[PDB]
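We count ligands from 1, going down the list as the structure has it; atoms in each ligand are counted the same way. Residue numbers run from 1 in the order of the sequence given.
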Amino acid sequence: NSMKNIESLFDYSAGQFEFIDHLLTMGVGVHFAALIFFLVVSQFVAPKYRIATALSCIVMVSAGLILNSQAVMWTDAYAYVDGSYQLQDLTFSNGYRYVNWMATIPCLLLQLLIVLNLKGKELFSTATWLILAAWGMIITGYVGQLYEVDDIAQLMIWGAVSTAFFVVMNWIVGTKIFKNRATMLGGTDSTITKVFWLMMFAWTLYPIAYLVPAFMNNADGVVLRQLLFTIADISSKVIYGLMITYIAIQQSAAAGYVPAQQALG
Ligand SMILES: CCCCCCCC/C=C\CCCCCCCC(=O)OC[C@H](O)CO
Ligand SMILES: CCCCCCCC/C=C\CCCCCCCC(=O)OC[C@H](O)CO
Ligand SMILES: *C\C=C(C)/C=C/C=C(C)/C=C/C1=C(C)CCCC1(C)C
Ligand SMILES: CCCCCCCC/C=C\CCCCCCCC(=O)O
Ligand SMILES: CCCCCCCC/C=C\CCCCCCCC(=O)O
Ligand SMILES: [Cl-]
């Protein structure tokens, strides 16, 4: 599976290699450092929304372990020989990223429907169609990327199929947001709109990284892609989580929860 990603095609200078290694290790520290934040502040969240901050904790660890795994797999696969890091063992690949998205994405969406105050049959209903839409996006995306070295034409076709799911998914998100924000408290009806525009931006970086092999097939594209994933990672999971948390705390205070009213105070 590693021989199917362009990373196995190029030698990397010490700067390109150590720069990629530093992006992955940094992502580990950022996520686990955020994990502590999401853990501590959970007490200041009412029981209604407390599950939202717990989902962020699960997202931080899920992303941290894979990023840490990517880093080690990045140092075990290459060795500095004759002035450049050259492949050695087939272990590094971007497929592990996609397997992670299968888990983190359902968590990122579910904590969005919690702060929106959805409940009952609608919560279980809107959650199933979104996840099935998300999984369809990730699976078809995992198939196309297997061809990013052999058949770029297939990468396009699968990227197109994956985009159909992505558009439908966002449409359901945007539809529920703008039809349920009036219920939110403490003025969070305004914050939830920015979160959606924060989603449309950070999430769109992934299909761009997915297309790096097409318009930049070289060692600098491997670097740009990992840089794009990093920027998108800390925006779809960290910054995104911080906003979800802020919303969960604000509505908690507006609902009469003392630990939340004393925290903001
Ligand atoms: C043969 C090739 C496969 C072709 C067929 C698979 C690909 C379908 C792709 C996009 C449409 C998916 C959307 C289908 C679901 C529409 C209903 C819906 O999503 O609404 C849920 C509701 O809004 C929740 O509250
Ligand atoms: C292969 C390429 C195919 C790409 C095709 C491009 C079409 C993109 C159009 C819209 C994006 C939809 C994003 C969802 C925006 C939410 C807006 C919404 O839901 O409507 C507001 C609501 O009705 C008020 O209550
Ligand atoms: C870590 C968090 C998230 C939300 C990862 C999300 C990934 C995507 C939104 C990926 C989308 C893709 C599409 C729309 C089509 C090309 C292939 C991708 C899977 C990269
Ligand atoms: C538990 C993971 C499966 C989730 C199924 C729900 C998602 C539905 C979306 C499309 C799934 C398509 C599965 C078949 C694709 C075959 C491609 C392949 O793996 O070779
Ligand atoms: C979950 C309900 C069933 C829908 C499952 C979705 C199946 C995948 C969607 C369409 C795939 C079309 C692209 C296939 C390209 C194959 C090219 C080739 O093999 O030569
Ligand atoms: Cl990722």
Side-chain angles (χ1 to χ4, degrees), residues 5 27 30-31 34 55-56 58-67 70 94-113 116 118 120-148 152 154-183 189 192-193 195-214 225-226 228-241 244:
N5 296 124
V30 173
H31 285 74
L55 286 171
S56 282
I58 300 170
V59 172
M60 294 302 95
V61 180
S62 184
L65 286 176
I66 271 56
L67 289 174
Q70 292 280 67
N94 294 275
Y96 310 98
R97 291 260 195 173
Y98 292 78
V99 177
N100 168 37
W101 299 342
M102 292 289 292
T104 40
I105 289 181
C107 293
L108 293 165
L109 295 173
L110 189 52
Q111 73 191 145
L112 181 70
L113 307 176
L116 271 174
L118 305 191
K121 270 290 183 176
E122 185 174 7
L123 184 64
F124 170 82
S125 178
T126 305
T128 305
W129 288 108
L130 275 173
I131 294 165
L132 292 174
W135 283 355
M137 175 186 65
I138 306 159
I139 288 173
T140 56
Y142 170 83
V143 175
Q145 62 91 23
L146 293 172
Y147 300 93
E148 76 181 24
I152 288 295
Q154 267 198 64
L155 179 97
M156 301 300 198
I157 303 307
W158 288 99
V161 175
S162 177
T163 297
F165 291 90
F166 188 52
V167 174
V168 176
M169 187 193 74
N170 294 318
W171 168 81
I172 297 180
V173 174
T175 300
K176 297 299 186 183
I177 288 172
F178 298 118
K179 270 183 154 149
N180 292 272
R181 56 168 171 176
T183 72
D189 57 322
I192 195 70
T193 306
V195 172
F196 181 69
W197 291 107
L198 171 58
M199 278 184 49
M200 306 299 83
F201 165 77
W203 290 56
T204 297
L205 294 172
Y206 290 105
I208 294 170
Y210 174 89
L211 291 170
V212 159
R225 170 148 73 176
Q226 217 62 215
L228 290 171
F229 284 138
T230 299
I231 294 167
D233 247 66
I234 79 93
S235 303
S236 69
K237 315 188 188 320
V238 182
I239 298 174
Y240 177 86
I244 296 297

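Listed by atom number, the atoms of ligand 3 under 4.0 Å from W101 heavy atoms are 1 (C), 5 (C). Close approach of ligand 1 to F165 (heavy-atom distance below 4.0 Å) involves ligand atoms 7 (C), 9 (C). Of all atoms in ligand 3, listed by their number and element, those nearer than 4.0 Å to a heavy atom of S236 are 1 (C), 2 (C). Ligand-side atoms of ligand 3 in range of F166: 9 (C), 14 (C), range being under 4.0 angstrom from any heavy atom. Each of the atoms 4 (C), 9 (C) of ligand 3 lies under 4.0 Å from some heavy atom of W203.
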For this session: Show your reasoning for whether ring pair (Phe, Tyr, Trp, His ring centres under 6.0 Å) applies to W101 and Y206.
Result: CA-CA 11 Å; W101 299 342; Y206 290 105; 5.0 Å; yes
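At least one side-chain heavy atom of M137 sits under 4.5 Å from a side-chain heavy atom of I105. In this structure, the side chains of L65 and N100 stay at 4.5 Å or more apart for every pair of heavy atoms. No side-chain heavy atom of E148 sits under 4.5 Å from any side-chain heavy atom of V212. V238 is listed as a side-chain neighbour of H31, based on a closest heavy-atom distance under 4.5 Å. Side-chain atoms of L113 and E122, non-hydrogen and from C-beta on, never get closer than 4.5 Å to each other.
With hydrogens left out, the protein atom closest to atom 11 (C) of ligand 3 is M137 SD, 3.6 Å, a heavy atom. Protein heavy atom closest to atom 1 (C) of ligand 3, with residue, atom name and distance, is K237 NZ, 1.3 Å. Protein heavy atom at the shortest distance from atom 15 (C) of ligand 3 is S162 OG, 3.2 Å.
Applying the side chain to side chain contact (heavy atoms under 4.5 Å, CB included) test between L116 and each of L123, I177, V173 identifies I177 as the sole match.
The shortest separation from a heavy atom of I105 to ligand 3 is under 4.0 Å, placing the residue in contact.
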Note every protein N or O atom lying under 3.5 Å from an N or O atom of ligand 2, pairing the names and giving the distance.
residue: ligand 2; atom: 19 (O); partner: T175; partner atom: N; Å: 3.4
residue: ligand 2; atom: 19 (O); partner: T175; partner atom: OG1; Å: 3.1

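Environment of CE in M200: crowded, with over 12 heavy atoms of neighbouring residues, nucleotides or ligands closer than 6.0 Å. Surrounding CZ of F124 are at most 12 heavy atoms belonging to other residues, nucleotides or ligands under 6.0 Å away.
Of all the listed residues (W158, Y206, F229, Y210), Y206 holds the heavy atom that lies closest to atom 10 (C) of ligand 3.
The closest side-chain donor-acceptor pair between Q145 and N94, if any, does not fall under 3.5 angstrom.
Qualifying salt bridge (charged side-chain N to carboxylate O under 4.0 Å, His left out) partners for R97, counting only residues two or more places apart in sequence or in other chains: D233.
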